[PDB]
Each structure stands twice: as structure tokens, then as C-alpha cells.
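Dumped model-v6.pdb below, it's PDB, C-alpha atoms:
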```pdb
MODEL        1
ATOM      1  CA  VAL A 389       0.000   0.000   0.000  1.00  0.00           C
ATOM      2  CA  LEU A 390       1.119   3.587  -0.787  1.00  0.00           C
ATOM      3  CA  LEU A 391      -1.220   5.163   1.764  1.00  0.00           C
ATOM      4  CA  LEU A 392      -2.839   4.347   5.103  1.00  0.00           C
ATOM      5  CA  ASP A 393      -4.378   5.881   8.202  1.00  0.00           C
ATOM      6  CA  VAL A 394      -2.151   6.580  11.183  1.00  0.00           C
ATOM      7  CA  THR A 395      -2.636   8.440  14.441  1.00  0.00           C
ATOM      8  CA  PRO A 396      -0.150  11.339  13.782  1.00  0.00           C
ATOM      9  CA  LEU A 397       1.133  11.911  17.358  1.00  0.00           C
ATOM     10  CA  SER A 398       1.855   9.861  20.470  1.00  0.00           C
ATOM     11  CA  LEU A 399      -1.148   9.346  22.740  1.00  0.00           C
ATOM     12  CA  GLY A 400      -0.816   8.773  26.450  1.00  0.00           C
ATOM     13  CA  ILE A 401      -1.699   9.861  29.952  1.00  0.00           C
ATOM     14  CA  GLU A 402      -0.261  12.134  32.606  1.00  0.00           C
ATOM     15  CA  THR A 403       1.646  10.250  35.319  1.00  0.00           C
ATOM     16  CA  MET A 404       3.181  11.140  38.724  1.00  0.00           C
ATOM     17  CA  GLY A 405       5.450  14.241  38.541  1.00  0.00           C
ATOM     18  CA  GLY A 406       3.878  15.820  35.414  1.00  0.00           C
ATOM     19  CA  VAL A 407       5.265  13.412  32.801  1.00  0.00           C
ATOM     20  CA  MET A 408       3.427  12.024  29.740  1.00  0.00           C
ATOM     21  CA  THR A 409       3.463   8.204  29.582  1.00  0.00           C
ATOM     22  CA  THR A 410       2.803   6.953  25.978  1.00  0.00           C
ATOM     23  CA  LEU A 411       0.248   4.205  25.230  1.00  0.00           C
ATOM     24  CA  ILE A 412       0.192   4.589  21.409  1.00  0.00           C
ATOM     25  CA  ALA A 413       3.342   5.814  19.611  1.00  0.00           C
ATOM     26  CA  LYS A 414       3.165   8.470  16.839  1.00  0.00           C
ATOM     27  CA  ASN A 415       2.468   7.087  13.305  1.00  0.00           C
ATOM     28  CA  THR A 416       0.869   3.856  14.574  1.00  0.00           C
ATOM     29  CA  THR A 417      -1.525   2.469  11.925  1.00  0.00           C
ATOM     30  CA  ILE A 418      -5.154   2.627  12.881  1.00  0.00           C
ATOM     31  CA  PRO A 419      -7.285   0.731  14.026  1.00  0.00           C
ATOM     32  CA  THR A 420      -5.065  -0.018  17.025  1.00  0.00           C
ATOM     33  CA  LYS A 421      -5.459  -0.969  20.704  1.00  0.00           C
ATOM     34  CA  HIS A 422      -2.994  -0.874  23.630  1.00  0.00           C
ATOM     35  CA  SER A 423      -3.335  -1.449  27.369  1.00  0.00           C
ATOM     36  CA  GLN A 424      -0.964  -0.741  30.257  1.00  0.00           C
ATOM     37  CA  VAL A 425      -1.337  -1.321  34.019  1.00  0.00           C
ATOM     38  CA  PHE A 426      -0.796   1.728  36.271  1.00  0.00           C
ATOM     39  CA  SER A 427      -0.839   2.096  40.049  1.00  0.00           C
ATOM     40  CA  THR A 428      -1.484   4.850  42.628  1.00  0.00           C
ATOM     41  CA  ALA A 429       1.028   7.627  43.398  1.00  0.00           C
ATOM     42  CA  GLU A 430       0.232   7.923  47.185  1.00  0.00           C
ATOM     43  CA  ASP A 431      -0.619   5.589  50.138  1.00  0.00           C
ATOM     44  CA  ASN A 432      -4.428   5.207  50.723  1.00  0.00           C
ATOM     45  CA  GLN A 433      -5.367   6.769  47.350  1.00  0.00           C
ATOM     46  CA  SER A 434      -9.033   6.040  46.552  1.00  0.00           C
ATOM     47  CA  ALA A 435      -9.310   7.969  43.273  1.00  0.00           C
ATOM     48  CA  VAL A 436      -7.125   8.553  40.188  1.00  0.00           C
ATOM     49  CA  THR A 437      -7.323  11.024  37.281  1.00  0.00           C
ATOM     50  CA  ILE A 438      -6.879   9.759  33.722  1.00  0.00           C
ATOM     51  CA  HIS A 439      -5.700  12.839  31.755  1.00  0.00           C
ATOM     52  CA  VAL A 440      -5.468  11.956  28.025  1.00  0.00           C
ATOM     53  CA  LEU A 441      -2.693  13.746  26.050  1.00  0.00           C
ATOM     54  CA  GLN A 442      -1.525  13.987  22.441  1.00  0.00           C
ATOM     55  CA  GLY A 443       2.062  14.919  21.640  1.00  0.00           C
ATOM     56  CA  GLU A 444       5.793  14.164  21.748  1.00  0.00           C
ATOM     57  CA  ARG A 445       6.851  16.194  24.801  1.00  0.00           C
ATOM     58  CA  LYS A 446       8.052  14.714  28.084  1.00  0.00           C
ATOM     59  CA  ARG A 447       6.281  17.398  30.211  1.00  0.00           C
ATOM     60  CA  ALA A 448       2.527  16.496  30.260  1.00  0.00           C
ATOM     61  CA  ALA A 449       1.696  20.290  30.273  1.00  0.00           C
ATOM     62  CA  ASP A 450       3.508  20.696  26.882  1.00  0.00           C
ATOM     63  CA  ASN A 451       1.200  18.217  25.091  1.00  0.00           C
ATOM     64  CA  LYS A 452      -2.360  18.735  23.718  1.00  0.00           C
ATOM     65  CA  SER A 453      -5.077  17.779  26.287  1.00  0.00           C
ATOM     66  CA  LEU A 454      -7.772  15.517  24.722  1.00  0.00           C
ATOM     67  CA  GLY A 455      -9.922  15.004  27.803  1.00  0.00           C
ATOM     68  CA  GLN A 456      -9.939  13.591  31.299  1.00  0.00           C
ATOM     69  CA  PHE A 457     -11.987  11.538  33.719  1.00  0.00           C
ATOM     70  CA  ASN A 458     -11.799  10.267  37.268  1.00  0.00           C
ATOM     71  CA  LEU A 459     -11.908   6.706  38.542  1.00  0.00           C
ATOM     72  CA  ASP A 460     -12.888   6.349  42.233  1.00  0.00           C
ATOM     73  CA  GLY A 461     -13.943   3.656  44.748  1.00  0.00           C
ATOM     74  CA  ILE A 462     -10.392   2.205  44.854  1.00  0.00           C
ATOM     75  CA  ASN A 463      -9.855   0.451  48.180  1.00  0.00           C
ATOM     76  CA  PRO A 464      -7.302   2.612  50.140  1.00  0.00           C
ATOM     77  CA  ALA A 465      -4.037   0.637  50.050  1.00  0.00           C
ATOM     78  CA  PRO A 466      -0.200   1.114  49.933  1.00  0.00           C
ATOM     79  CA  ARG A 467       1.057   3.021  46.871  1.00  0.00           C
ATOM     80  CA  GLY A 468       1.924   0.631  44.008  1.00  0.00           C
ATOM     81  CA  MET A 469      -0.586  -2.019  45.166  1.00  0.00           C
ATOM     82  CA  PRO A 470      -3.719  -1.072  43.049  1.00  0.00           C
ATOM     83  CA  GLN A 471      -3.705  -2.419  39.445  1.00  0.00           C
ATOM     84  CA  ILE A 472      -5.419   0.155  37.194  1.00  0.00           C
ATOM     85  CA  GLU A 473      -5.607  -1.155  33.629  1.00  0.00           C
ATOM     86  CA  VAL A 474      -5.723   1.767  31.155  1.00  0.00           C
ATOM     87  CA  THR A 475      -6.766   0.932  27.555  1.00  0.00           C
ATOM     88  CA  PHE A 476      -6.590   3.138  24.420  1.00  0.00           C
ATOM     89  CA  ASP A 477      -8.526   1.828  21.451  1.00  0.00           C
ATOM     90  CA  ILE A 478      -8.635   3.815  18.182  1.00  0.00           C
ATOM     91  CA  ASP A 479     -11.177   2.518  15.675  1.00  0.00           C
ATOM     92  CA  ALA A 480     -10.885   2.615  11.810  1.00  0.00           C
ATOM     93  CA  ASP A 481     -12.689   6.037  11.750  1.00  0.00           C
ATOM     94  CA  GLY A 482     -10.132   7.554  14.184  1.00  0.00           C
ATOM     95  CA  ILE A 483     -12.496   7.538  17.205  1.00  0.00           C
ATOM     96  CA  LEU A 484     -10.501   7.131  20.441  1.00  0.00           C
ATOM     97  CA  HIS A 485     -11.963   5.132  23.347  1.00  0.00           C
ATOM     98  CA  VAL A 486     -10.074   5.384  26.635  1.00  0.00           C
ATOM     99  CA  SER A 487     -11.029   3.223  29.629  1.00  0.00           C
ATOM    100  CA  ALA A 488      -9.507   2.667  33.103  1.00  0.00           C
ATOM    101  CA  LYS A 489     -10.429  -0.289  35.316  1.00  0.00           C
ATOM    102  CA  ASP A 490      -9.321  -0.974  38.892  1.00  0.00           C
ATOM    103  CA  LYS A 491      -8.682  -4.770  39.000  1.00  0.00           C
ATOM    104  CA  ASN A 492      -9.440  -5.236  42.734  1.00  0.00           C
ATOM    105  CA  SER A 493     -12.756  -3.291  42.931  1.00  0.00           C
ATOM    106  CA  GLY A 494     -13.848  -3.854  39.334  1.00  0.00           C
ATOM    107  CA  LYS A 495     -14.646  -0.079  39.138  1.00  0.00           C
ATOM    108  CA  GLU A 496     -14.422   1.208  35.559  1.00  0.00           C
ATOM    109  CA  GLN A 497     -14.783   4.570  33.798  1.00  0.00           C
ATOM    110  CA  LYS A 498     -14.399   5.550  30.103  1.00  0.00           C
ATOM    111  CA  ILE A 499     -14.425   8.474  27.625  1.00  0.00           C
ATOM    112  CA  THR A 500     -14.924   8.778  23.858  1.00  0.00           C
ATOM    113  CA  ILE A 501     -12.735  11.292  21.976  1.00  0.00           C
ATOM    114  CA  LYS A 502     -13.872  12.324  18.436  1.00  0.00           C
ATOM    115  CA  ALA A 503     -11.463  11.842  15.451  1.00  0.00           C
ATOM    116  CA  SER A 504     -11.433  15.637  14.776  1.00  0.00           C
ATOM    117  CA  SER A 505      -9.881  16.236  18.318  1.00  0.00           C
ATOM    118  CA  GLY A 506      -6.276  17.328  18.896  1.00  0.00           C
ATOM    119  CA  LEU A 507      -3.699  19.132  16.764  1.00  0.00           C
ATOM    120  CA  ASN A 508      -4.049  20.043  13.056  1.00  0.00           C
ATOM    121  CA  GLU A 509      -1.377  19.402  10.336  1.00  0.00           C
ATOM    122  CA  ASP A 510       0.677  22.580  11.037  1.00  0.00           C
ATOM    123  CA  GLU A 511       0.514  22.003  14.844  1.00  0.00           C
ATOM    124  CA  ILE A 512       1.556  18.323  14.273  1.00  0.00           C
ATOM    125  CA  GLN A 513       4.620  19.534  12.299  1.00  0.00           C
ATOM    126  CA  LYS A 514       5.420  22.187  15.010  1.00  0.00           C
ATOM    127  CA  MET A 515       5.042  19.496  17.792  1.00  0.00           C
ATOM    128  CA  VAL A 516       7.557  17.142  15.969  1.00  0.00           C
ATOM    129  CA  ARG A 517      10.062  20.048  15.417  1.00  0.00           C
ATOM    130  CA  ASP A 518       9.682  21.334  19.054  1.00  0.00           C
ATOM    131  CA  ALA A 519      10.201  17.798  20.497  1.00  0.00           C
ATOM    132  CA  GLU A 520      13.370  17.422  18.299  1.00  0.00           C
ATOM    133  CA  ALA A 521      14.740  20.878  19.309  1.00  0.00           C
ATOM    134  CA  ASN A 522      14.081  20.165  23.027  1.00  0.00           C
ATOM    135  CA  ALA A 523      15.215  16.475  23.018  1.00  0.00           C
ATOM    136  CA  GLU A 524      18.121  17.023  25.515  1.00  0.00           C
ATOM    137  CA  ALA A 525      15.986  19.283  27.816  1.00  0.00           C
ATOM    138  CA  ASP A 526      13.016  16.814  27.786  1.00  0.00           C
ATOM    139  CA  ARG A 527      15.447  13.946  28.593  1.00  0.00           C
ATOM    140  CA  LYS A 528      16.854  16.040  31.525  1.00  0.00           C
ATOM    141  CA  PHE A 529      13.246  16.745  32.726  1.00  0.00           C
ATOM    142  CA  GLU A 530      12.404  12.985  32.639  1.00  0.00           C
ATOM    143  CA  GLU A 531      15.657  12.168  34.544  1.00  0.00           C
ATOM    144  CA  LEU A 532      14.754  14.866  37.168  1.00  0.00           C
ATOM    145  CA  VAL A 533      11.210  13.473  37.692  1.00  0.00           C
ATOM    146  CA  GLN A 534      12.613   9.903  38.082  1.00  0.00           C
ATOM    147  CA  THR A 535      15.115  11.235  40.681  1.00  0.00           C
ATOM    148  CA  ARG A 536      12.323  13.272  42.386  1.00  0.00           C
ATOM    149  CA  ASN A 537      10.130  10.108  42.512  1.00  0.00           C
ATOM    150  CA  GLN A 538      13.113   7.949  43.779  1.00  0.00           C
ATOM    151  CA  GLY A 539      13.852  10.782  46.249  1.00  0.00           C
ATOM    152  CA  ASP A 540      10.237  10.468  47.429  1.00  0.00           C
ATOM    153  CA  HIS A 541      10.661   6.598  47.643  1.00  0.00           C
ATOM    154  CA  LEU A 542      13.724   7.055  49.921  1.00  0.00           C
ATOM    155  CA  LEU A 543      11.820   9.724  51.958  1.00  0.00           C
ATOM    156  CA  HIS A 544       8.788   7.323  52.203  1.00  0.00           C
ATOM    157  CA  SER A 545      10.846   4.144  53.081  1.00  0.00           C
ATOM    158  CA  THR A 546      12.977   6.092  55.652  1.00  0.00           C
ATOM    159  CA  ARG A 547       9.840   7.475  57.438  1.00  0.00           C
ATOM    160  CA  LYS A 548       8.282   3.926  57.517  1.00  0.00           C
ATOM    161  CA  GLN A 549      11.591   2.577  58.948  1.00  0.00           C
ATOM    162  CA  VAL A 550      11.707   5.355  61.641  1.00  0.00           C
ATOM    163  CA  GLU A 551       8.089   4.742  62.860  1.00  0.00           C
ATOM    164  CA  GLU A 552       8.725   0.936  62.933  1.00  0.00           C
ATOM    165  CA  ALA A 553      12.029   1.481  64.859  1.00  0.00           C
ATOM    166  CA  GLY A 554      10.281   3.690  67.477  1.00  0.00           C
ATOM    167  CA  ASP A 555      11.910   3.974  70.949  1.00  0.00           C
ATOM    168  CA  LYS A 556      14.748   1.594  69.797  1.00  0.00           C
ATOM    169  CA  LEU A 557      16.268   4.246  67.443  1.00  0.00           C
ATOM    170  CA  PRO A 558      18.699   6.488  69.469  1.00  0.00           C
ATOM    171  CA  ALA A 559      18.168  10.293  69.829  1.00  0.00           C
ATOM    172  CA  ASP A 560      21.460  11.303  68.029  1.00  0.00           C
ATOM    173  CA  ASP A 561      20.539   9.057  65.039  1.00  0.00           C
ATOM    174  CA  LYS A 562      16.850  10.238  64.950  1.00  0.00           C
ATOM    175  CA  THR A 563      17.831  13.981  64.999  1.00  0.00           C
ATOM    176  CA  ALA A 564      20.372  13.550  62.134  1.00  0.00           C
ATOM    177  CA  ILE A 565      17.699  11.583  60.152  1.00  0.00           C
ATOM    178  CA  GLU A 566      14.938  14.246  60.714  1.00  0.00           C
ATOM    179  CA  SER A 567      17.266  17.076  59.516  1.00  0.00           C
ATOM    180  CA  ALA A 568      18.520  15.033  56.475  1.00  0.00           C
ATOM    181  CA  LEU A 569      14.839  14.285  55.549  1.00  0.00           C
ATOM    182  CA  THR A 570      14.091  18.065  55.618  1.00  0.00           C
ATOM    183  CA  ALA A 571      17.179  18.848  53.458  1.00  0.00           C
ATOM    184  CA  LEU A 572      15.992  16.153  50.970  1.00  0.00           C
ATOM    185  CA  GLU A 573      12.386  17.553  51.021  1.00  0.00           C
ATOM    186  CA  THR A 574      13.753  21.095  50.128  1.00  0.00           C
ATOM    187  CA  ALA A 575      16.088  19.797  47.302  1.00  0.00           C
ATOM    188  CA  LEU A 576      13.100  17.855  45.766  1.00  0.00           C
ATOM    189  CA  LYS A 577      11.303  21.202  45.090  1.00  0.00           C
ATOM    190  CA  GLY A 578      14.344  22.258  43.033  1.00  0.00           C
ATOM    191  CA  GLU A 579      15.350  21.193  39.504  1.00  0.00           C
ATOM    192  CA  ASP A 580      18.916  20.055  40.211  1.00  0.00           C
ATOM    193  CA  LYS A 581      19.045  16.212  39.985  1.00  0.00           C
ATOM    194  CA  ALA A 582      22.607  15.991  41.504  1.00  0.00           C
ATOM    195  CA  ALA A 583      21.530  18.193  44.489  1.00  0.00           C
ATOM    196  CA  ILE A 584      18.631  15.744  45.182  1.00  0.00           C
ATOM    197  CA  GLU A 585      20.899  12.636  44.925  1.00  0.00           C
ATOM    198  CA  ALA A 586      23.443  14.361  47.253  1.00  0.00           C
ATOM    199  CA  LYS A 587      20.722  14.978  49.920  1.00  0.00           C
ATOM    200  CA  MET A 588      19.635  11.288  49.410  1.00  0.00           C
ATOM    201  CA  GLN A 589      23.321  10.258  49.976  1.00  0.00           C
ATOM    202  CA  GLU A 590      23.632  12.463  53.085  1.00  0.00           C
ATOM    203  CA  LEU A 591      20.412  10.889  54.484  1.00  0.00           C
ATOM    204  CA  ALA A 592      21.695   7.295  53.856  1.00  0.00           C
ATOM    205  CA  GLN A 593      24.944   8.209  55.707  1.00  0.00           C
ATOM    206  CA  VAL A 594      22.981   9.139  58.881  1.00  0.00           C
ATOM    207  CA  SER A 595      20.531   6.147  58.520  1.00  0.00           C
ATOM    208  CA  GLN A 596      23.170   3.332  59.017  1.00  0.00           C
ATOM    209  CA  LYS A 597      21.806   2.443  62.515  1.00  0.00           C
ATOM    210  CA  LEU A 598      18.198   2.622  61.139  1.00  0.00           C
ATOM    211  CA  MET A 599      18.918   0.046  58.336  1.00  0.00           C
ATOM    212  CA  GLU A 600      20.376  -2.333  60.987  1.00  0.00           C
ATOM    213  CA  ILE A 601      17.057  -2.088  62.951  1.00  0.00           C
TER     214      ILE A 601
ATOM    215  CA  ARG B   7      14.829  45.754  25.165  1.00  0.00           C
ATOM    216  CA  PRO B   8      14.194  41.934  25.519  1.00  0.00           C
ATOM    217  CA  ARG B   9      15.149  39.908  22.424  1.00  0.00           C
ATOM    218  CA  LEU B  10      13.068  37.321  20.564  1.00  0.00           C
ATOM    219  CA  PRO B  11      14.147  33.986  19.028  1.00  0.00           C
ATOM    220  CA  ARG B  12      13.627  33.179  15.346  1.00  0.00           C
ATOM    221  CA  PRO B  13      11.189  30.349  14.286  1.00  0.00           C
ATOM    222  CA  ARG B  14      12.670  26.821  14.582  1.00  0.00           C
ATOM    223  CA  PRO B  15      14.472  25.747  11.334  1.00  0.00           C
TER     224      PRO B  15
ENDMDL
END
```
Can you give me the file's structure in the form of C-alpha cells?
Amino acid sequence: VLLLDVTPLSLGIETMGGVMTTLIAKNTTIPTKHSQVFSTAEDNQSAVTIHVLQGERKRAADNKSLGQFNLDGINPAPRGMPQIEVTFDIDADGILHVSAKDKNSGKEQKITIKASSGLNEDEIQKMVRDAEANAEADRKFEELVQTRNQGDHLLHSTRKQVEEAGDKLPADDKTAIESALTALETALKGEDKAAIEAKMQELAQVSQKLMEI
Amino acid sequence: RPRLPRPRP
């Protein structure tokens, strides 16, 4: 064949830290269908937002918003435990169906996005050029968000370890941990990946007695 | 006077 229908830009959803996670890559032939399992960002999260995006940028805010919906009734559980299956199905007429189902509760929500939605030919060309020109910066943003999320994992696992340790953890150790947690918290608001990792390293240095407990 | 970039080539 010398011609066929494609979806012209990547389609995905916003994930933790303001990043776009792709479900359907740009130039995929249509009809097409793809599913991916997601989980919750925070402990005890009972609702999630499915924000549908079109584009090639790593920052969710830089892509074209197609629509959004909420999925609630998720049993409050530790972060990473819920299994939220997100499906993107584009039919032969370019109609996009997005659904999200929580595997444990069976709760499901969906949206239909018309084929005419999104960016036009000139905006598609500008999106491709802008993604290309900002490739290094978008990579750096993605690396920062991963570090910010890992930074949060170390902050989360340390705090769980401290509460479990209780009275057994000495005062000198606990005070050094509390201050190092604050320094990490502050660096996380910044955009310097190395500064975050350094505050993570400083925390781990004062948590040696905590890891033993 | 702030300066403006040219359109992406």
C-alpha cells in the first residue's frame, strides 16, 4: 500500500510528577489498541485522574489535552498495590476510546474522543520540530522526575523505617535523620538532579543504625 | 529591550 491511516502523534496519559506516559506511539496504523497497568502515586489513594494527552513532549503540560476523567472507589491501600488497567482503542474512523479499570474493585470509567480532536497538520509539524529541538531538555526533565520520585521513595521508606524502629532508634541518630529528611524535602522542590541525589546520599549516611534495625 | 528567538528551522 502507498497510503494508510495513522494516528499522527503519540497518545498517552499524565503520570506522577507531570510526565506524559505513551500508550500509542506516533504514526501507529489505525485501528489499534494498547493497554498498560498503572498504580497509585500515594498511600491510601481512593481515586485517580486519567488525563489523556496527544504529543511528543516529556512534560505532560507541553502536550495537547484531549480530555480527562476520574476513577474512584479504589480500596485505600499502599502506593503501588492497586492495578489500574488503562486501555486506548482507536477505531478505523479515528475515534478514540479510553477506559480505566481498577482490578481489585472492578470499578471502571471511560471516555470517547472524536477523530477531529487534537492538533491540526501545522501544529503536528510544530510538535515534531519542538520535540526534536528540546530532546536534551526533555530527557533532563524525565531524569529529574525519576530522581524526584526515587527521592520520594527514599523519603517514604525512611519514614516507615523510623516509625517501625520507634523507641529503639537512638536520639542522636533520629535527629540527624529528621534534619537530612528536611534537606531532601527542600532539594526535591528544586530542579537540580545531583543536588537531590546528594541529599539522598547524606540521608543514607545518617541512617546506618536505622537500616540495621 | 528583551530579544526574541527566530522560528525553529
Problem - Residues within 8 Å of residue 14 (chain B), all atoms listed in the file, excluding chain neighbours under 6 positions, as a PyMOL selection string - result: chain A and resi 517-518+521
Completion exercise
Nearest to residue 409 (chain A), restricted to only C-alpha atoms and choosing among A:588, A:389, A:474, A:525, comes out as A:474
Practice task
Given the file shown, enumerate the residues that the PyMOL selection byres ((chain A and resi 424) around 6) captures and present them as a ChimeraX atom specification.
Solution key: /A:423,425,473-474
Residues just named, written with C-alpha atoms as a PDB file, in the frame of the given file:
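Contents of the output file result-v1.pdb:
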```pdb
ATOM      1  CA  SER A 423      -3.335  -1.449  27.369  1.00  0.00           C
ATOM      2  CA  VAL A 425      -1.337  -1.321  34.019  1.00  0.00           C
ATOM      3  CA  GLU A 473      -5.607  -1.155  33.629  1.00  0.00           C
ATOM      4  CA  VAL A 474      -5.723   1.767  31.155  1.00  0.00           C
TER       5      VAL A 474
END
```
Exercise for the section: Could you tell me which residues the ChimeraX specification (/B :<12) & /A grabs in this file, written as number ranges by chain? Expected result: A: 513-522
Preceding selection exported with C-alpha atoms as a JSON list (two decimals), in the coordinates of the input:
```json
[["chain", "number", "residue", "atom", "x", "y", "z"],
["A", 513, "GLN", "CA", 4.62, 19.53, 12.30],
["A", 514, "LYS", "CA", 5.42, 22.19, 15.01],
["A", 515, "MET", "CA", 5.04, 19.50, 17.79],
["A", 516, "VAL", "CA", 7.56, 17.14, 15.97],
["A", 517, "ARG", "CA", 10.06, 20.05, 15.42],
["A", 518, "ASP", "CA", 9.68, 21.33, 19.05],
["A", 519, "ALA", "CA", 10.20, 17.80, 20.50],
["A", 520, "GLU", "CA", 13.37, 17.42, 18.30],
["A", 521, "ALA", "CA", 14.74, 20.88, 19.31],
["A", 522, "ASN", "CA", 14.08, 20.16, 23.03]]
```
Handout entry: Contacts of residue 500 (chain A) within 7 Å, all atoms listed in the file, excl. fewer than 2 positions in-chain, as a VMD selection string
Key = chain A and resid 484 to 486 502
Suppose we keep C-alpha atoms; can you now write the selection as a PDB file, keeping the file's coordinate frame?
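Output file out-v4.pdb is given in full below:
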```pdb
ATOM      1  CA  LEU A 484     -10.501   7.131  20.441  1.00  0.00           C
ATOM      2  CA  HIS A 485     -11.963   5.132  23.347  1.00  0.00           C
ATOM      3  CA  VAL A 486     -10.074   5.384  26.635  1.00  0.00           C
ATOM      4  CA  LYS A 502     -13.872  12.324  18.436  1.00  0.00           C
TER       5      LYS A 502
END
```
Problem - All residues 9 Å or closer to residue 512 (chain A), all atoms listed in the file, same chain fewer than 4 positions away omitted, as number ranges by chain - result: A: 396-397, 443, 507-508, 516-517
Handout entry: Residues near residue 472 (chain A), cut-off 6 Å, all atoms listed in the file, skip fewer than 4 positions along chain, as a ChimeraX atom specification
Key = /A:425-427,489-490
Exercise for the section: Write out as an MDAnalysis selection string the residues lying within 12 Å of residue 567 (chain A), counting all atoms listed in the file and excluding same-chain residues fewer than 2 positions away. Expected result: chainID A and resid 543 560:565 569:574 587:588 590:591 594:595
Exercise for the section: Go ahead and compute the interatomic distance for CA of residue 530 (chain A) and CA of residue 501 (chain A), in Å to one decimal. Expected result: 27.4 Å
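Counting from CA of residue 475 (chain A), the distance to CA of residue 526 (chain A) is 25.4 Å.
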Problem - Test item: the PyMOL selection byres ((chain A and resi 410-420) around 8) resolved as an NGL selection string - result: :A and (392-401 or 408-409 or 421-424 or 444 or 476-482)
Could the residues in this selection be saved with C-alpha atoms as a short mmCIF file (atom, residue, chain, number, x, y, z; two decimals), in the coordinates of the input?
```cif
data_model
loop_
_atom_site.label_atom_id
_atom_site.label_comp_id
_atom_site.auth_asym_id
_atom_site.auth_seq_id
_atom_site.Cartn_x
_atom_site.Cartn_y
_atom_site.Cartn_z
CA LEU A 392 -2.84 4.35 5.10
CA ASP A 393 -4.38 5.88 8.20
CA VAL A 394 -2.15 6.58 11.18
CA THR A 395 -2.64 8.44 14.44
CA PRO A 396 -0.15 11.34 13.78
CA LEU A 397 1.13 11.91 17.36
CA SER A 398 1.86 9.86 20.47
CA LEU A 399 -1.15 9.35 22.74
CA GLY A 400 -0.82 8.77 26.45
CA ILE A 401 -1.70 9.86 29.95
CA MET A 408 3.43 12.02 29.74
CA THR A 409 3.46 8.20 29.58
CA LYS A 421 -5.46 -0.97 20.70
CA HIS A 422 -2.99 -0.87 23.63
CA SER A 423 -3.34 -1.45 27.37
CA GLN A 424 -0.96 -0.74 30.26
CA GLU A 444 5.79 14.16 21.75
CA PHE A 476 -6.59 3.14 24.42
CA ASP A 477 -8.53 1.83 21.45
CA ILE A 478 -8.64 3.82 18.18
CA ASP A 479 -11.18 2.52 15.68
CA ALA A 480 -10.88 2.62 11.81
CA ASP A 481 -12.69 6.04 11.75
CA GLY A 482 -10.13 7.55 14.18
#
```
Fill in the blank from the handout: One decimal place gives the CA of residue 589 (chain A)-CA of residue 403 (chain A) separation as 26.2 Å
Exercise for the section: Rank A:404, A:435, A:557, A:601 by their smallest atom-to-atom distance to residue 463 (chain A), using only C-alpha atoms, and report the top residue only. Expected result: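 With only C-alpha atoms as the atom set, the closest residue is A:435.
Between residue 407 (chain A) and the residues A:534, A:432, A:458, A:497, the shortest atom-to-atom distance, using all atoms listed in the file, involves A:534.
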